[PDB]
Structures are given as C-alpha cells and as structure tokens.
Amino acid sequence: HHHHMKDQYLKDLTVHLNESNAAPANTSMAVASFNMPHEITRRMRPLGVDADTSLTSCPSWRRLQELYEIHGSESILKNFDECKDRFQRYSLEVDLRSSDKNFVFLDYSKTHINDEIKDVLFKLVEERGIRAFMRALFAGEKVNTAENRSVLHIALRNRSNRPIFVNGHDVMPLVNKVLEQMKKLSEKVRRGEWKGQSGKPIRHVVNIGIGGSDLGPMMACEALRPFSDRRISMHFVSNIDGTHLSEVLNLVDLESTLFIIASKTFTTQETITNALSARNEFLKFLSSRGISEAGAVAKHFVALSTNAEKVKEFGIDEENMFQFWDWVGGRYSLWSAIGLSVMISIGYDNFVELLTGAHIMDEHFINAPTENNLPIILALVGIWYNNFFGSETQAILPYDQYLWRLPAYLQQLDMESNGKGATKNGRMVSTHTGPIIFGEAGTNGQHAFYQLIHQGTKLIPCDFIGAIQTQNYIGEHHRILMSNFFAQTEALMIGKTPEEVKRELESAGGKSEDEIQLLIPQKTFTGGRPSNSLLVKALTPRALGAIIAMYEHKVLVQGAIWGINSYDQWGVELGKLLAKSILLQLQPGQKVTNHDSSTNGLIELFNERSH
C-alpha cells in the first residue's frame, strides 16, 4: 500500500507542476502549495482516520491555490500602485449606534489580496455553506455536536429579547433573571450596603477561577478601568501555584473582601483548591481577630457556576449562586454571570453597554451580506495567510495600555476554539487549522520583537488595534502613540530597498566601500509584510463589547470553513488525567517506575530533592 501511495504521490506532483500557473522563478511555491495537505496529513497520521477532502476539493479552494501560485510572491504595494483608492475599496465600518458616534473600522488593504482573490474568498463562504451554519448556530441548533450542545453566547447579550429556544424553551427569561441578580449584588457592593462579618463595606473583590473563568473578567476590568469605581480593588487569583493566592491575600483587608468563586463545572482542581484554601485562610484570620465565624462565609463568598449541587457543598447559599448554562462556552463566558466582577467594577449600566456593543456586532454579523461583513472578512484574510501562505502565527497588537491582556484573552478564544485536528464528520483535517496567537500592547512590542516581524524569515499577519481618542489626556502622548500605530503598518508594507539603504549609508559617510557593501542587506527591509488596522473612536465598554464579539465571530467562520468544532476542548483531558496519577506519586523518597524513563526520572528528582 505504502508503495502504491508513493507512486501516486509522484504522479500527483508531476501533474500539479505540469498544470501550475506559477512563474518560472517560483516553481518552489507551486511545490509548497501542492505539498501542504500531504505534510498536514502525515503529521496527523496517528489519528488513524481518513483525510477530509471536502474543503480541499471545493472549486474555490482549487482557485485560491492557483491564485496563490500566481500572486503569492508579489509585493503588497503593487495593488496600491494599480488602484489609487484601494483603501476605500478594502475597508469597512460598523456603526455602534451610540451617542458618541462610536464604531469599529477595519482596514484590510495592506494585504496580498486583489479583486480576483477577494471574489474567490467570498465564494468559499458560499461553497462551504457558512451563512446557513451561522443561522443554525444563532437559532440554538446543537451545532456543538461532540457534546450535543447549543452554542449561544449570543443569547447572553440579546438586548432585543427575541426568543431563543433550547430544548423547546426560551432561554431569554433566565438570561435576564441572572442579569438582574447581578445588578442587585453589584449595586449593594458599590453603594456600600454589602457588609462584611465585622460590618465593613466591601473594598476588595477577589475572583478565583482559571481559563474562561479568569481571562475575560480580568481583561475587561483592565480594559475598562477608566469606567470603574476606584474605591473597589479588583484581584484575580487563578494559578494553583500557592504564590498566587498568597500574594493576593497579602494585598487585601479580608474583613472587607468579597470572594467570587468562578467555575462553570465547579470541579476544576486549581479553582476548587484555591477556593478551599481561601475559605480556610479567611476563617483562620477571623478566628485570630476574635471575630465569630457564624454566617461569615455567606457574607464573603459567592459563586458563578452551572452546578448548584457542588456550590452547595462548598457552603455558599443558593441565593449567592449566579447561574449560567452548558451552552455558554468558558472562553465565551464574559457576557454571563462570569462577568460579575466586571459589573461590580464598572457598574450595571456600563456592563449593559458592554453587552450592547456585542449585540450590535452580532446583528451586523448575522445580517450583513458576505461582501460587506466585517467578521467574515477578518476570517478570510486570516485563512489566506494561514492556509495558502502557510503562516503559523497571528499577532495581536493593541495600541492601548488598558488592552494589555487582550492578546492573552484572544489566545484562549482562538487557540482553544480552533486548535483542532479532527473534523465534525470524523476525519483528519487536510488543511491548517487555528494559528498560534501572540502579542503585547504597542508601542512596547516595537522595542521587543518587531525586529523579527520586520526582518526575520517568517511572515506574520498582524492585527493592529487602536482608539482615535484617549481616556487620559496628557501632553502629546496620544498623538505620538498613534503616529507609531500608523507608521508600523506603513513600514511593514513598503519596506526599504537596497538602493535606498545604499544612498543613506553613503550620505552618512565614514565607511569603506566594502564595509557599506556588507551592511546594505543587513539594513534592507523586504517590505510586503501584511497587516490589518482596526480602529474604534474610543475604547468604551460598548466598543470593547463589539471588538470581542467581532473576534468570536471570526473564529466561528474559520472553524466552520475548516469543518472543525470551535466549541469543544477535548485536548485538555489527557493532561488532567495524567496529573491525577502523578500527584499520588509525589511523595518524598517515593521511587517511580511505571512511566517512560523521563517522566520516571523527573518525578524521582522531585521526590528526592523536594526537601
């Protein structure tokens, strides 16, 4: 069989090269495009199932491959030189319908995409039935087939309150009931009516949770600090590393601290262990102060969860349990009860603004025609680079210091959703799926790793994200900030030729002919490196809501095109299972022989030196 596959591989390669439209200098590009699905299916071979051909055999996919072989080595500037108003034709704006005339604007023009490639990318949406999938997901159909679940984070922010049905019942009444419950608690805390066991108003909130129950609340509290009540300090314990709880406990006055235990399952080992430790340390502190423990936990601990039974066991009153539902994915849970810490920080009205921004982006996504659909366009630009240029990564570069946790947040949203190797129809993928997300807030990144983005050997798609207006007016800081935002994307695209560099070196003087000759390529910029520029008028709660929903929907479109399930996360189960067994073996002086020699050796090293 293997010999037959080889003879076939060679036949397919010969045919592909004979039929390719690639320029004579670019034959290697046709080979790379041909070879991509072969290399993916080799790497995924231990899945032990057939390769999915449903995407790669789409007429549009064949056409995109042909267009890549033709255009993939062209500059980006070429398209601008050919169309003087390319910017107007390769950008679009979503109105946020707010009193401050806010918006989300996408400029996707600094890309290797011409009108033909763009038409064919839109045709891929049609051929893969993406618009019908979107309608099914929005209507509550159980599109998370692996877990037989609906996918309805959009219900959480459904301000229209049109019914959305799960198991024959409208979910909106319960969504709105929990929002009202959240409102009442946040109001009591913000107004100083919620008192601790010794009568102190709450001045500290400590969220305990991990992953989806941590990244969102923290990112949003950071992002929306200008809209917050500064009298209430927000803390986020997440690592099981004892350092995390210990350092946060050191920062708070426990008599005025509200603990929020955030866990969809309420069984995650890190979160439940942190919660039990926090409760133990809290009660011990009270006892040391001669303060009665009777009724203290009920005043100082609340829970955000789907599991009432587990919350009860912990000792939290059901009245202080904030419910959400199985159709709320953890990495999509900011909008739900999980956002309670956020609502305490910025207030109910601002939380509703946050929901409303997401809702407006939802309405745009579901209703706008494909050609004018901002999240679909984001998704297609991403696929062009991810699947045809073969870029492994995606940089997220927000030029707003409050947004410094956005890259980490989008890391979970994107990579945990679409880091998949098997399709919903039980096959292995033949195309690349989710990319690796990385990034830091600008301008800091410019002084850390943009060197590589400009001059290295990898093509890195970059999303530059900014606000036209600052919340903190000081000197010329915001103008300087945004001069960098605009300049970096210009620089990535246009580069700097050897001829330009040579002239500059000669004009600077002080160097020999040979010295200049060595130096020229080292100071040359290829250019032709792509970016998207995303702008809002101002980073308000509404704008942040729109931005996050925008990426949720980008991820939806990409997953659906690739044929994978964006909404499960099976890949975390093996590690949890293996860690349970190892934990039992972490005892001083215990010898271990049942694993591979590395795992055995590492555990024994730990067991021999741990004290």
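The first residue of the shown sequence is 1; numbering continues from there.
Could you settle it for me: does 249-257 or 410-418 have the higher average Cα B factor in the PDB entry?
-> 249-257 has the higher mean C-alpha B-factor.
Greater mean Cα temperature factor according to the PDB record, 25-33 or 548-556 | Per the deposited B-factors, the answer is 25-33.
Maximum C-alpha temperature factor, selected from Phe133, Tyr399, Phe438, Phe301 = Highest CA B-factor of the listed options: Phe301.
Most elevated Cα B-factor in the entry, residues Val297, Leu355, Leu224, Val381 = In the PDB entry, the greatest C-alpha B-factor among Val297, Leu355, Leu224, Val381 is found at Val297.
If you rank every modelled residue in this chain by C-alpha B factor, which third holds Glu270: lowest, middle or highest?
-> For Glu270, the deposited C-alpha B-factor lands in the lowest third.
Hey, what third does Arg97 fall into on Cα B-factor, ranked over its chain?
-> Its C-alpha B-factor, which the entry lists for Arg97, ranks in the highest third among residues of this chain.
So where's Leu583 on the chain's Cα temperature factor ranking, which third?
-> Ranked within chain, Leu583 CA B lands in the middle tercile.
Within this chain, which third does the Cα B-factor at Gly48 fall in: lowest, middle or highest?
-> According to the entry, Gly48 has a C-alpha B-factor in the chain's highest third.
For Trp325, return the chain-relative third of its C-alpha B-factor as stated in the PDB record: lowest, middle or highest.
-> Middle third - that is where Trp325 ends up once the chain's C-alpha B-factors are sorted.
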